Each structure stands twice: as structure tokens, then as C-alpha cells.
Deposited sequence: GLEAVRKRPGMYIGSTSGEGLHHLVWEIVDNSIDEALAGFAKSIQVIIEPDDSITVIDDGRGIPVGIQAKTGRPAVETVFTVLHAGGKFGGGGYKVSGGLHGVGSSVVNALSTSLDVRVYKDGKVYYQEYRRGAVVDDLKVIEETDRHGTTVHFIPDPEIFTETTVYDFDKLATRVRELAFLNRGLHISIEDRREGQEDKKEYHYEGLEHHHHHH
């Protein structure tokens, strides 16, 4: 399964250069955009964390957490472990997901694609949505693991335009260069 992704990442993300590094972000963001298209997510945050890891937050319904009859596993686990989202998981040292749903925070983490523990309720919550955080694997991204804020921001702006009505932001939390841009193109209320 995902072991094939780790050994032939070029076949799944096109390049293991800086281009592939950035592609990981778009694979995750595309899931959030699908939840905006479904009509439930209204706001997406993309964050470059101080260690060049990435957090993507949406306020949609939250990935389904119920057990699937076919797999016997929670749907959210299958999202990350069965062969875009699972490709990002495979090519990350660690990926953690938090699903905010029905007053509960469901949490699972993976390491180089492998499950750490069964999905668990860790907290109560009043919000809804999905947060994915991932650390790209330098064993895969041997040229660079350093994100380009302008490159991400340029595409985030384009995505806001193409998904008119969506609020989407990009934030850099790295030392000496903290920045944030927020985008929102108005609908019929304009």
C-alpha cells in the first residue's frame, strides 16, 4: 500500500524537489476546498509552523469518524492510510488529525504513514471541522524541506478567487519573517 508511495514518491507527487514539497500542501487544502464545495466549510487556514511543518484548518463538518463495515476501521483512519491525503501521510515523518464533531475532538496520529494508536476522543469542543498537521519527511524531500511563503500565498489567493465566497488565509510563523495574508472574494452580497 502506502509503502509503495514512500519508495516511489515521484509517481504520486511528480517531484521530490521543492515542487513536490509544496504539492503536499495542495493535496490537503483540496480536501478542505471539497468541504467548502459541499457547503459546510466557510474558512480555511494554512499555517507554516516554525519548524517548516504545515497545519491546515477548516470549519466544515469534520471527517466522518464512524466504523465502516468494509474495513472495520473509522472512516477518518481510512482517509489517511488507504491509497491525496494518504500520500501526504506516507511522505510525512508525522501527520496528526483532529476532527471536531458532535461536541467531541477525535484524534489520530501516524508516523511515516503508520498508525500510532486507534482513534480516540481527547477533548470536548463546541466547534466543528477538521485540522490536519504534517511534517514533510526529509528522507523523501532530500533537496529541501523549506517552504516558500510567497509561493503558497500566490496560490492561496488564486484559490480564494476560484472559490469565490471562501475565506482562506496563509500564515508564516517562522523566525524573523512572521507574516499573514487573508483572502476573501465576495459573493452576491458585494
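**Q** No C-alpha coordinates means not modelled. Give me those stretches of the deposited sequence in order.
**A** Those parts of the chain that were deposited but carry no coordinates are 84 to 103, 211 to 215.
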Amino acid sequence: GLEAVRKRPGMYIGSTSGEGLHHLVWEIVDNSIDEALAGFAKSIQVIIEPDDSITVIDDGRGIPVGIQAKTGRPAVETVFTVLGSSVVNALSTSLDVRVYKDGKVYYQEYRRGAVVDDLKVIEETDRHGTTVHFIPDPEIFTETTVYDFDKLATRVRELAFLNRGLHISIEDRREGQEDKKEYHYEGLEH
From here on, numbers count along this sequence of modelled residues.
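**Q** So 51 to 59 or 123 to 131, which one's hotter by mean CA B-factor in the entry?
**A** Per the PDB entry, the higher value belongs to 123 to 131.
**Q** Which of the two stretches, 178 to 186 or 163 to 171, shows the higher mean Cα temperature factor in the record?
**A** The stretch with the larger average C-alpha B-factor is 178 to 186.
**Q** Which one of 153, 69, 33, 140 shows the top CA temperature factor in the record?
**A** Checking the PDB record, the top C-alpha B-factor among 153, 69, 33, 140 is at 69.
**Q** Where does the C-alpha B-factor of residue 146 rank in its chain, lowest, middle or highest third?
**A** Lowest third, going by the recorded CA B-factors of the chain.
**Q** When the deposited Cα B-factors of this chain's modelled residues are ordered and cut into thirds, is residue 93 in the lowest, the middle or the highest one?
**A** Its C-alpha B-factor belongs to the lowest third of this chain's values.
**Q** Lowest, middle or highest third: where is residue 81 by C-alpha B factor in its chain?
**A** According to the entry, residue 81 has a C-alpha B-factor in the chain's highest third.
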